[PDB]
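Residue numbers (the working numbering), protein chains in the order written: chain Y, 8 to 255; chain A, 295 to 672; chain Z, 24 to 170.
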Amino acid sequence: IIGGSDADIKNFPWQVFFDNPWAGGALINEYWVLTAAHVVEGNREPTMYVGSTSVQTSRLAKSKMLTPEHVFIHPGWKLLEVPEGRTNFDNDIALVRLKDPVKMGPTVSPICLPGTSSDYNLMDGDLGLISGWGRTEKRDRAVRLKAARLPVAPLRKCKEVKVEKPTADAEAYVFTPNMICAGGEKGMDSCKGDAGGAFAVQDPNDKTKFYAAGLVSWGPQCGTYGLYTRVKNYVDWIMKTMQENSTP
Amino acid sequence: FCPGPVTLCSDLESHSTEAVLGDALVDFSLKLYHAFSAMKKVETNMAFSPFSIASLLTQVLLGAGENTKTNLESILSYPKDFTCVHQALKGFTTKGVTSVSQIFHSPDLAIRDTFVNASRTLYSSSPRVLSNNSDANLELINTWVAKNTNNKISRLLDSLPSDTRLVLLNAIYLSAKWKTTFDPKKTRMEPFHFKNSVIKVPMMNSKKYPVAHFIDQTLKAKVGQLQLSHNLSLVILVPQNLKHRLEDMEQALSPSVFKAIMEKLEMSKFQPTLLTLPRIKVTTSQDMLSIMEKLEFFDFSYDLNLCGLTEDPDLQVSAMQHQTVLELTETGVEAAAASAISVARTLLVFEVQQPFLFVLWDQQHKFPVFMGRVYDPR
Amino acid sequence: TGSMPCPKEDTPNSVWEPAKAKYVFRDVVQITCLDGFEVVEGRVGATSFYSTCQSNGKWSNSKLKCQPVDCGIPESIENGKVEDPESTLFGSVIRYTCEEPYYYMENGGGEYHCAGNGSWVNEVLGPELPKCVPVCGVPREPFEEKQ
Numbered sequence: 008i009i010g011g012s013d014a015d016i017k018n019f020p021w022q023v024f025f026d027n028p029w030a031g032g033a034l035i036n037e038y039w040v041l042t043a044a045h046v047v048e049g050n051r052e053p054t055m056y057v058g059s060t061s062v063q064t065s066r067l068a069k070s071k072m073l074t075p076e077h078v079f080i081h082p083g084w085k086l087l088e089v090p091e092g093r094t095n096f097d098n099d100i101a102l103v104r105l106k107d108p109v110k111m112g113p114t115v116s117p118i119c120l121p122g123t124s125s126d127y128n129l130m131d132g133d134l135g136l137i138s139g140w141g142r143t144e145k146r147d148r149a150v151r152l153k154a155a156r157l158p159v160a161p162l163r164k165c166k167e168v169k170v171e172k173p174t175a176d177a178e179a180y181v182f183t184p185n186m187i188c189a190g191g192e193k194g195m196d197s198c199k200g201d202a203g204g205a206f207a208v209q210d211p212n213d214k215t216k217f218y219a220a221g222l223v224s225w226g227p228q229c230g231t232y233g234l235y236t237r238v239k240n241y242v243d244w245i246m247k248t249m250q251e252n253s254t255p
Numbered sequence: 295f296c297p298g299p300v301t302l303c304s305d306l307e308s309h310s311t312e313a314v315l316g317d318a319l320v321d322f323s324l325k326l327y328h329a330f331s332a333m334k335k336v337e338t339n340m341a342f343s344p345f346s347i348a349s350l351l352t353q354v355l356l357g358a359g360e361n362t363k364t365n366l367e368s369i370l371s372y373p374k375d376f377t378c379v380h381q382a383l384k385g386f387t388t389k390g391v392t393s394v395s396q397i398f399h400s401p402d403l404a405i406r407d408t409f410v411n412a413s414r415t416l417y418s419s420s421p422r423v424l425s426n427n428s429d430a431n432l433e434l435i436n437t438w439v440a441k442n443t444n445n446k447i448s449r450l451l452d453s454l455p456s457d458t459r460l461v462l463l464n465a466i467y468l469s470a471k472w473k474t475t476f477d478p479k480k481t482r483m484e485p486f487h488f489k490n491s492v493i494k495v496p497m498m499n500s501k502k503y504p505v506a507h508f509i510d511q512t513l514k515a516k517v518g519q520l521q522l523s524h525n526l527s528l529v530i531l532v533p534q535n536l537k538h539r540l541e542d543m544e545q546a547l548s549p550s551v552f553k554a555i556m557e558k559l560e561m562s563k564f565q566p567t568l569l570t571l572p573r574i575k576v577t578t579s580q581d582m583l584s585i586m587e588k589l590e591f592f593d594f595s596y597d598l599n600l601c602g603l604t605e606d607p608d609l610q611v612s613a614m615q616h617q618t619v620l621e622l623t624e625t626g627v628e629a630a631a632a633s634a635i636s637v638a639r640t641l642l643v644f645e646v647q648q649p650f651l652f653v654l655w656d657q658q659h660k661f662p663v664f665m666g667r668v669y670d671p672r
Numbered sequence: 024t025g026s027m028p029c030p031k032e033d034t035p036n037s038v039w040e041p042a043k044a045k046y047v048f049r050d051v052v053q054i055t056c057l058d059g060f061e062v063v064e065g066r067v068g069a070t071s072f073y074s075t076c077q078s079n080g081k082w083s084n085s086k087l088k089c090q091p092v093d094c095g096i097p098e099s100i101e102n103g104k105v106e107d108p109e110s111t112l113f114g115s116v117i118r119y120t121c122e123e124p125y126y127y128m129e130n131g132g133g134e135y136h137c138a139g140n141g142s143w144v145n146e147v148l149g150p151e152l153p154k155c156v157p158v159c160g161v162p163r164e165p166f167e168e169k170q
């Protein structure tokens, strides 16, 4: 979270923290956590934490750790592809099933999901919040939670001049309609260590709640612009996954 | 009765038992770890080489018989009639270390000729004789070790018995280093959790070091791998939270968990990781006879049956000592590879800042070369 | 000899199946309790029992009386609570609620009433207890963008 301010865990009780893939997450209900596909890519069993202002090593031992049961990746993702996502990050979304339910309180409560109507269709002029322990301007690691307000920018401002030759320059990053562009204002953006964070947007119908409109996926030079996974396009897959893998 | 000297195996038969040898070298390592922890204090560093140890035990198993031949096979997790283990062990030798295995005997212990050559061929060393007075035998052993170890292991023994008849020795140091050099300018004093306080130890640092890692649930620990030279690699197992003591991680390591983790690391790709860990510099001298009794092996002090080596009826192991001098600092091979550009908005990290367990692994023949723990980097 | 007849019985919670009148000696009757009642034959509550007009002129099994069915103290639910009523007998009604800002149930759960079978039931949810799932998207502390 570059260009952002401090924020207690009460500002983002849905913000899950991930260890091996030092990344972010999003609680949606008592049994499932939403994150990016590349977050739980090479780690089929993440290390998750909730309800903590700080992620000091002295704090994670006294914070609630979630025990995952199974990791569900969206089928439109890459596979054994060597870390460099040179091909794409299309369908960069994943669901994590928890073995134990989550007791909700003042520092842990889940965020809503985007509705299937057309009001939830993101566009210019809309605003959003990003929260994560990613890299700010000072250090690469944020011990206490940071947050910044980002507007939905046109995807034209995303396609930027960034080296895209991890291996064969022939491979070119493709931009899909399943991605949302944001940032630009005051240079506020999401950097390394924010993947899986929810792009919290206020519900247009119930203006007191919030819903995860995007998940921090990829982008060029951080601090400029980037790409968040459009969650509205995967609402049918999240529901078809939570109901099939019932809790018997 | 004594079973005759063992028969030489063919190159394909011995190459066929490579998968058999690599599996018993894992079961035997775990038995040595539980023994070493039961002998040292509760929170002490230790480093032992389970490979060089078994290389000398099978050198003994060559001339054993009756109960001594079977107990050595059950201690070393060997199958019966495993006649190709001697040649298979010689082939497992890695150039990343420099180890020695000698057997010293008093002048009144006659060595059979069927073993003088069988030890000089299958292990390149015949039994060496000792002097007459015990005073010269002490310095004769330490100098022979200080000569054939490039002056690394100087004081392998602190004392020798007056009635010394049978001495087993093995000293090994690590000459291999990292395949990727560490920057010494980035060596910052980072905190390190010790006991319950926070001590500061010298720690190496690298923003994009190639580390293949993941999480294992059976251990509740982060398992990372680092690439050395000579087809060697150092595996490091750190508990996830501080809630899990290293002791709880020790009691959870089974032969199944071991083999289920090394086979998952052989198929996990090395990725540019941000890494921070203290220097590894552990030396451990240990009376190995105390280890044999800690594994319910009471043959070296009672009812010793070594007919293939000697025909002496009254024979017992007078001493047996091991020393491992493992050291790894900011020295490496390929300075760096760079080539970074990951556009993903995530962070990859592996951090060893608490008591941990390390295993130096040989990826080629698949077996643990070294094995130990570090409770205090100081 | 004179077969002494057994008189009838004030049966407010029971009904005599043979019924008729002038019950003669060696005449068994099925005393069945109504919905919401059970005869505790000393152990498990069965819905009915039997009584025979003996040679004296009174009914056997007179120690059995149809008593109100007890539903028992209601079992609590996860992230929920229920107020202890005055009685746990038939017809008594209880009420389940969730937590205040972090749970809201499903709905719907219009309270539960002790039924005749002996279980607590709701109009639609039946014998199924309500569940308290989290009230989603509730920021405990509003986030002020320090600028």
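Don't be surprised by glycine CBs; every beta carbon is placed ideally from N, CA and C.
Within the segment 112–124 of chain Z, the residues whose Cβ lies closer than 9 Å to some Cβ of chain Y are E122 and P124, listed in chain order.
In the three-state scheme derived from DSSP, where H, G and I count as helix and E and B as strand, A:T570 is classed as strand. Neighbourhood of A:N535 in chain Y, by CB distance below 8 Å: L67, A68 and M72, in chain order.
By the C-beta density criterion, Y:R93 is buried, having at least 16 other C-beta atoms within 10 angstroms. Close CB contacts of A:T301 within its chain, under the 8 Å cut and outside five residues either way in sequence, are with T377 (chain order).
The segment 658–668 of chain A makes no contact with the segment 124–133 of chain Y, as fewer than three CB pairs between them are under 8 Å. In this chain, A:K502 is not harboured by any alpha helix (DSSP H); it is covered by the beta strand (DSSP E) spanning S491 to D510.
Taking the Cα of Y:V89 as reference, the smallest distance to any Cα among A:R449, A:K516, A:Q565 and A:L460 is reached at A:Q565.
Comparing C-alpha distances from A:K558 to each of Y:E251, Y:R51 and Y:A220 shows the shortest one belongs to Y:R51. A:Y417 has its alpha-carbon roughly 22 Å from the corresponding atom of A:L583.
Going by DSSP, A:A440 is part of the alpha helix (DSSP H) stretching over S428 to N442. Beyond the five residues adjoining it in sequence on each side, Y:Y218 comes within less than 7 Å, by CB distance, of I118, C119, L120, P121, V208 and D210 in the same chain, given in chain order.
With respect to A:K471, A:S523 sits close: the two C-beta atoms are nearer than 8 Å. Nearest Cα to A:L366 within the set A:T458, A:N431, A:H616 and A:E587: A:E587. Non-local beta-carbon contacts of Z:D50 in its own chain, meaning distances under 8 Å to residues more than five positions away in sequence, involve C29, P41, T75 and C76 in chain order. Taking 8 Å as the CB threshold, Z:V158 lines the interface with chain Y. Beta-carbon to beta-carbon, A:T567 and A:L403 are separated by about 54 Å, too far to satisfy the 8 Å threshold. Under DSSP, no beta-bridge partner is assigned to Y:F206. The CB of Z:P153 never comes closer than 9 Å to any CB in chain Y; the least such distance is about 15 Å.
Under the three-state reduction of DSSP output, Y:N27 falls in the coil class, being neither helix nor strand.
With contacts defined as CB atoms closer than 8 Å, A:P299 and A:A430 fail to qualify as a contacting pair. Annotation for Y:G230: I9, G194 and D196 place their beta carbon closer than 6 Å to its own, counting only its chain and skipping 5 residues before and after. Pairing Y:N95 with Y:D201, the inter-Cα distance amounts to about 18 Å. Runs of the beta strand (DSSP E) lying entirely within the segment 180–233 of chain Y, each at least 3 residues long, are 186–189, 205–209 and 217–225 in chain order. Within the same chain, and ignoring the five residues on either side of A:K384 in sequence, the residues whose Cβ sits closer than 7 Å to its Cβ are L416 and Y417.
In this structure the segment 626–645 of chain A does not lie against the segment 240–253 of chain Y, because fewer than three pairs of beta carbons, one per stretch, are closer than 8 Å. Closest option to A:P485, judged by alpha-carbon separation, among A:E541, A:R672 and A:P297: A:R672. Under the 8 Å criterion on CB atoms, Y:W84 is classed as non-interfacial with respect to chain A.
Against A:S636, the close residues of chain Y are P90 and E91, in the order they occur along the chain (beta-carbon pairs closer than 7 Å). Residues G59, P91, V92 and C137 of the same chain have their beta carbon placed closer than 6 Å to that of Z:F113, with the five preceding and five following residues left out of the count. Annotation: A:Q615 to Y:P28 spans about 44 Å, alpha carbon to alpha carbon. The DSSP-derived three-state label of A:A313 is helix. For A:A382, the enclosing alpha helix (DSSP H) stretches over residues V379 to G385. Look at Y:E76 here: in three-state DSSP terms it is strand. Collapsing the DSSP output to three states places A:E307 in a helix. Between Y:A202 and chain A, the shortest Cβ-Cβ separation is below 8 Å.
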